[PDB]
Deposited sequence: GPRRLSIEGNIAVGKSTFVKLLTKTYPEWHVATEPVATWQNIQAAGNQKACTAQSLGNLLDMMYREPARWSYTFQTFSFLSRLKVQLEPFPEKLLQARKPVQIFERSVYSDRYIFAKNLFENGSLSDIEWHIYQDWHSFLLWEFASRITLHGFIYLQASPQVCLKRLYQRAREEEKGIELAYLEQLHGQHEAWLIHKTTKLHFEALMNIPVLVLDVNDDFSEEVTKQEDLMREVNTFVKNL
């Protein structure tokens, strides 16, 4: 059975970059894409923008769309490629779990989600993950960790309309969520599986985007981590 892993991290920490690097280094590996272009244009309307401009009005709706999307991809069948490899690896950009423990949770804590919205959201989440338990399993998390300000810098370094308005405070919040869940284990979890899952912590405070030294150094840690799963 393929090893399933999801990349977790803060906004702009450099996920897409880290993925391009993965794709290049381990081609057999299958990377399930993250729906960002499907959120800016719903097919008509930018949900992403809406969630950012009126968080108290569109946060819940957004979460329901992202959760469904993340759940769909995690339920899809393994490709034929992945099928025929000695050590198949499937990589997800963020997960069905971060949808809840990183964003939804945070959106509630900062007031963007009402008590009713948080309650309904959790009800849904716990219900479906229980029904689909046997199919959404993950073997480990690759946490691209970096400070809020570093992210804030990168966040602004790339235009991205929707985002230009994000304050440092917001990134600090999300940072907290990641640290509480993937590092300190202080976030109450509601899934026995999620309890003890391996977490590879990659420190990307220093722009690995260009230093070929650190890139080879990252892929190395990744390979070591994946193989011992």
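- Residues of the deposited sequence lacking C-alpha coordinates, numbered from 1, fall in the single stretch 44-55.
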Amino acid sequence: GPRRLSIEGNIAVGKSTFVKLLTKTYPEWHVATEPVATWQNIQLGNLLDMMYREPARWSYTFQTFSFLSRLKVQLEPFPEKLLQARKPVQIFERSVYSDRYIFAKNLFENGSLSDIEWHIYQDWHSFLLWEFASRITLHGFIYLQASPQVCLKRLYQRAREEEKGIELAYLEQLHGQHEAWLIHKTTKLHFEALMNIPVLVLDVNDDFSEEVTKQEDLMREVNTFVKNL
From here on, numbers count along this sequence of modelled residues.
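- Here 145-153 and 80-88 are compared by their mean Cα B-factor, and 80-88 comes out higher.
- In this entry, 28-36 has the higher mean Cα B-factor, the comparison being between 28-36 and 177-185.
- Of the candidates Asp203, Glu167, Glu161, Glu54, the PDB record gives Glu161 the highest C-alpha temperature factor.
- Remark: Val212 belongs to the highest third of its chain, ranked by C-alpha B-factor as recorded.
- Among the modelled residues of the chain, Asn10 sits in the lowest third by CA temperature factor in this PDB entry.
- The deposited CA B-factor of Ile197 belongs to the middle third of values across its chain.
- Ranked by Cα temperature factor within the chain, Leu171 sits in the lowest third according to the deposited record.
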